[PDB]
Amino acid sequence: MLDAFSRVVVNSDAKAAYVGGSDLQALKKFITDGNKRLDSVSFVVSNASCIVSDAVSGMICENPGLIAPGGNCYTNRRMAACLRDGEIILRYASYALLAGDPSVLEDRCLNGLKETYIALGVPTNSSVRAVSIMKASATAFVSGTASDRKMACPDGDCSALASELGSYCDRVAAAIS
């Protein structure tokens, strides 16, 4: 896997170029915004259970067919597997936010996931919906706009972090289905 820094050196390595001061503006910005990024990860992780449970429930309460006979969330074994998947996806998304790079999400989670869901018969439009609600809640906790909980912190702008976390969720939604 790569992080925000090794991604820069991978791009520079393709050009056989040194990473000089001209290439280090974003990485510098990364460092001074480091404490905000650590807060963002913490806020997502500290509410992981609520994020996953609320999203899978949201997916189901919008599509009653999933819990009908033949539905992919029918029986406790399938429902548990769905909840597990939601937790796994949120986990790798938090990894990507901590690293400031999507590589760990692509390599260790999204790789071969669509093929697996197709083989299993997991409804991919519903999977995307679960991810979408996770994106809504997780980015809200990062922005500090979660309706029933505000995380204590020095006030400031975390919109960039929230948008970045959302982009990782976008990658998941695009990779599946």
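Throughout, we count residues from 1 along the sequence that is shown.
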Between the two ranges 14-22 and 159-167, the one averaging a larger CA B factor in the entry: 14-22
- prompt: Which is higher on average in the deposited entry, the C-alpha temperature factors of 140-148 or of 32-40?
  reply: 140-148
message: If I read the C-alpha B-factors straight from the PDB entry, which of 53, 126, 116, 47 is highest?
response: 116
statement: Assert third(CA B-factor, residue 172) within chain per record equals lowest
Residue 110 - Cα temperature factor, lowest/middle/highest third of chain: highest
query: Mind checking which third residue 27 falls in for C-alpha B-factor across the chain?
result: highest
field: Third of chain Cα B-factors occupied by residue 67
entry: middle
task: Within this chain's modelled residues, let me know which third the CA B factor of residue 61 belongs to: lowest, middle or highest.
output: highest
